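To keep things clear, I will list the structure first and then write my remarks on it.
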Amino acid sequence: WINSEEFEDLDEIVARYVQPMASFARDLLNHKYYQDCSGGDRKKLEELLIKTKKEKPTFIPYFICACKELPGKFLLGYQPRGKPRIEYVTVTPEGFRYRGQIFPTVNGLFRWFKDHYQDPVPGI
Amino acid sequence: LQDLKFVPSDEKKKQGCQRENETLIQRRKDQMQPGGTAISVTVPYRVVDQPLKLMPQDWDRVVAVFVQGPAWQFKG
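Chains M and X, in that order, give the protein sequences. According to PDB author numbering, the first sequence is numbered sequentially starting from 1399. According to PDB author numbering, the second sequence is numbered sequentially starting from 381.
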C-alpha cells in the first residue's frame, strides 16, 4: 500500500508509481525554462527572477526548478511586478498537481499558470 | 516467433540488440488451396511491447497476448 493505492508487488510499484513520476520529473528538467538553483534554493531563485525582471521589466519572468527540501515537488517562481512569488508543483503518477488541478502534460500546466497567475493562492 | 528458435534475453543483451517500441514478424505459411497448389505467403505480424498506446480499432485488431504472471500488467 502506497498512500491509498494498492500494488501487487515491487515491480508494479517501480513500473507505475515511480516510472511515470520519473518521466514527469524528466519532462520538467528537459523544459526550456528549467534551471538548477543549487538544488532549489529560494534565495537563488529570487535573485535570478529579480535579475531577469530587471533585464526585461515589461515581461513577467517565471522559472521552474527542483526543490531539495521537498523531494517530488518543483519550485515554480514568478515575478509579475514586484517581489517574486513562489509556489509548489507536486509530481504524481497521474501528472502534475498545481493549485488543486492535475495536468498530465507540462504544456497544459504552463498555459493555465500563465492565464491564471493573478488568481488568489488556494489555501491563503 | 519469426525463426521459431529460443534465445535467452541475456544472450541478446550480450549481442547489444536495440529494443524497438514496435516490431514486425514475417512468417511464411503455406496456403490451403484447391488442387494441392501451395504458395508460401509471408503474412506480416505486429508486436507491441506497450499495449496502452493503441487506438480502439487497434485494440480490436489484437488477437494474442502473452501473460507473464501477475495481473497488474493487464489493469488499464
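Virtual Cβ for every residue (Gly too), placed ideally from N, Cα, C.
Check your understanding: Can you check whether the CB of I419 of chain X is closer than 7 Å to the CB of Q382 of chain X?
Key -> Residue numbering aside, residue 382 of chain X sits at position 2 when the second sequence is read from its first letter. Residue numbering aside, residue 419 of chain X sits at position 39 when the second sequence is read from its first letter. Against a cut-off of 7 Å, the Cβ pair of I419 of chain X and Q382 of chain X comes out as no contact.
Exercise for review: Could you tell me whether the segment 1464–1471 of chain M touches the segment 1437–1456 of chain M, where touching means 3 or more Cβ pairs closer than 8 Å?
Suggested key: These segments touch.
Check your understanding: When you compare only the Cα positions, how much space is there between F446 of chain X and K1481 of chain M?
Key -> As a first step, residue 446 of chain X must be located in the second sequence, where it is residue number 66. As a first step, residue 1481 of chain M must be located in the first sequence, where it is residue number 83. About 58 Å.
Check your understanding: Given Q453 of chain X, which residues of its chain have a CB within under 8 Å of its CB, disregarding the five upstream and five downstream residues?
Key -> Walking along the second sequence from the start, residue 453 of chain X turns up at place 73. For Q453 of chain X, where only same-chain residues beyond five positions count, the Cβ hits under 8 Å are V447.
Check your understanding: Any chance the CB of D1425 of chain M is under 6 Å from a heavy atom of the ligand PLP?
Key -> You won't find the ligand PLP in this model; it holds no ligand whatsoever.
Practice item. Indicate whether at least one CB of chain M lies closer than 7 Å to the CB of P450 of chain X. Key: Start at 1 with the first residue of the second sequence, and residue 450 of chain X comes out as number 70. Yes, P450 of chain X counts as interfacial toward chain M.
Check your understanding: Counting only beta-carbon atoms, is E1467 of chain M nearer than 7 Å to chain X?
Key -> By 1-based counting over the first sequence, the position of residue 1467 of chain M is 69. No, because no Cβ of chain X sits closer than 7 Å to the Cβ of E1467 of chain M.
Exercise for review: Excluding the 5 residues preceding and the 5 following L432 of chain X in the sequence, name in chain order all residues of the same chain whose CB lies nearer than 7 Å to its CB.
Suggested key: Along the second sequence, read from residue 1 onward, the residue named residue 432 of chain X stands at position 52. Contacts found: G456.
Practice item. Could you work out which residues of chain X lie near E1410 of chain M, taking near to mean beta carbons separated by less than 8 Å? Key: Residue numbering aside, residue 1410 of chain M sits at position 12 when the first sequence is read from its first letter. Near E1410 of chain M (Cβ distances below 8 Å), the residues of chain X are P450, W452.
Review point. For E1406 of chain M and chain X, any beta-carbon pair shorter than 7 Å?
Key: The residue given as residue 1406 of chain M occupies position 8 in the first sequence. Chain X, which has a Cβ nearer than 7 Å to the Cβ of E1406 of chain M, makes this yes.
Check your understanding: When you compare only the Cα positions, how much space is there between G1493 of chain M and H1429 of chain M?
Key -> The count along the first sequence starts at 1 and reaches residue 1493 of chain M at position 95. The count along the first sequence starts at 1 and reaches residue 1429 of chain M at position 31. Answer to the nearest angstrom: the Cα atoms are 15 Å apart.
Check your understanding: Can you give the beta carbon distance from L1443 of chain M to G1475 of chain M, rounded, assuming they're within the 8 Å contact cut?
Key -> Numbered from 1 along the first sequence, position 45 holds the residue referred to as residue 1443 of chain M. Numbered from 1 along the first sequence, position 77 holds the residue referred to as residue 1475 of chain M. At roughly 5 Å, the Cβ-Cβ gap stays under 8 Å, so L1443 of chain M and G1475 of chain M are in contact.
Check your understanding: Do you know how far the Cα of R1495 of chain M is from the Cα of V1489 of chain M?
Key -> To locate residue 1489 of chain M, count along the first sequence from 1; it is residue 91. To locate residue 1495 of chain M, count along the first sequence from 1; it is residue 97. Distance between the alpha carbons of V1489 of chain M and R1495 of chain M is about 7 Å.
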